[PDB]
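In structure tokens, one chain follows: the form solved without the DNA.
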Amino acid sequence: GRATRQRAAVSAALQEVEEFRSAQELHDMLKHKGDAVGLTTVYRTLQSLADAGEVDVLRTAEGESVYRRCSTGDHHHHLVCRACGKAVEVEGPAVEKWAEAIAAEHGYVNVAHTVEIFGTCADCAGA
């Protein structure tokens, strides 16, 4: 019901920008299309889409979570612009193997890793 309707709305919203966006930003984009969705709802939907692997999530330097619906389904990571949120989907096979061997070696189970590269793209570099 209001669950799948709103989920599609939020997902469709993400598909309109190539940049990572905070939940408040997404909420605003929806509010601009005349959507009656609340911020809390937007936040829950996004966190739900994140867990289902339908959108990627990452933290900004100031601790804020930002989201993005990415092109591939492949396991990947990102190089993000901390200024505009622009991002590049990146894969590092050697990082993957290193991350597995490190865990495997210290007897850790249910391994998960977070790898993200932050920088300032040329466009933003000239502010």
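Residue numbers run from 1 along the displayed sequence.
In what follows, reference is made to the form solved in complex with the DNA, a form of this protein that is not presented.
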The one option of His78, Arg82, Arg69, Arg44 with any heavy atom within 4.5 Å of the DNA in the bound PDB entry is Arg44
Heavy atom to heavy atom, is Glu64 within 4.5 Å of the DNA in the bound PDB entry?
yes
Any chance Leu49 has a heavy atom within 4.5 Å of the DNA in the bound PDB entry?
no
If we define contact as a non-hydrogen atom of the residue within 4.5 angstroms of the partner, is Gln24 a contact of the DNA in the bound PDB entry?
yes
Is there any non-hydrogen atom of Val37 lying within 4.5 Å of the DNA in the bound PDB entry?
yes
Going by the DNA in the bound PDB entry, which residues of 73-105 come within 4.5 Å of it through any heavy atom?
none
